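The structure under discussion appears below in the form of structure tokens.
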Amino acid sequence: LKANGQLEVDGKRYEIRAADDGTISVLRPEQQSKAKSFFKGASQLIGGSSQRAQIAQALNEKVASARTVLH
Amino acid sequence: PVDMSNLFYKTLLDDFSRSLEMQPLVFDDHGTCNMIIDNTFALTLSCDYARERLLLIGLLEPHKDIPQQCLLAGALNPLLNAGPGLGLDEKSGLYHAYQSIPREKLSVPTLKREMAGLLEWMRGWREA
């Protein structure tokens, strides 16, 4: 049930991992600070960030509810 | 009420994760999915629900002495071939690479192709 996906496209294979604090620590240390700054700001980049977050949080709640129906 | 059509992005992301044969990637409560690729690149997928588009956003790392004129030529790339763009974020002082995919055009192969495109663009800039 692996954490590391393999994206294959156009004769290339890329390893994908979710970016949590653990996975950031594995970057070279000289890369980590900018990566952290990038990730911290990324969700605020697009105009209308407040409203987008309100929508996202509501959708995720609905997803959690659908899971409860199954269980 | 909640506009359930806005779960389209999650559904796609689930299908992408299944293709990648991996534990499902998720959007957080800001509508973003942060990823590290090849222990090297920082990439985020961001849902812009209001504008019906998915954004692919990457951290660029140009040489400190790449002339700003070169980066501004790069900035025209979307016009030239509908490929990724770049710009400066003034909050962070960091250069960002980006691609937008309208909801109408999203699919698992399109997302794969566009992510690889973005990555190779990032790769080119980092070593230019």
Determine the sum of side-chain charges near residue A:61: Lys and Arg each +1, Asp and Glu each -1, restricted to other residues whose C-beta is under 14 angstrom from that of residue A:61.
0
So for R0 = 45 Å, FRET eff. of residue A:68-residue B:82 from the Cβ-Cβ r, to 0.05, ends up at 0.60
Helix-derived mean residue ellipticity, 222 nm - over the protein assembly as shown, DSSP H n ≥ 4, -39500 (n - 2.57), to 500
-13000 deg cm²/dmol
What average count of beta carbons from other chains do you get within 10 Å of the Cβ of residues in B:44-54?
4
Rounded to the nearest 0.05, what FRET efficiency is calculated for residue B:120 and residue B:8 with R0 set to 30 Å and r the Cβ-Cβ distance?
0.65
List the relative contact order of chain A as a percent without decimals, with contacts defined as Cα pairs under 8 Å and 6+ residues apart.
13
Quick check: from the Cα gyration tensor, does chain A come out rounded (a/c under 1.5), prolate or oblate?
oblate
Debye calculation, C-alpha points only, no solvent: report log10 I(q)/I(0) for the protein assembly as shown at q = 0.12, 0.18 Å⁻¹, in the same order as the q values.
-0.60, -1.38
From other protein chains only, count the Cβ atoms within 10 Å of every residue's Cβ in B:114-122, then give the mean.
2
For residue B:111, the net charge from surrounding residues (Cβ-Cβ under 11 Å; K, R +1; D, E -1) works out to +1
Could you check which residue among B:33, B:47, B:70 shows the biggest mean-square fluctuation in a GNM of chain B with a 10 Å Cα cutoff?
B:70
Rounded to the nearest 0.05, what FRET efficiency do residue B:15 and residue A:21 give with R0 = 45 Å and r taken as the Cβ-Cβ distance? Could you check?
0.95
Within a Gaussian network of chain B (alpha carbon springs, distance under 10 Å), most fluctuating of B:44, B:11, B:32
B:11
Please compute one quarter of the surface area of the Cα convex hull for chain B and express it in square nanometres.
8.9
When chain B is treated as a GNM, springs tying every alpha-carbon pair under 10 Å, which of B:17, B:100, B:46 comes out with the largest mean-square fluctuation?
B:17
By average Cβ neighbour count within 10 Å, what is the ranking of B:52-58, B:37-43, B:22-28, B:75-81 from highest down?
B:52-58, B:37-43, B:22-28, B:75-81
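Virtual Cβ from ideal backbone geometry, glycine too; neighbours counted across all protein chains shown. Coordinate-derived values only; no laboratory data.
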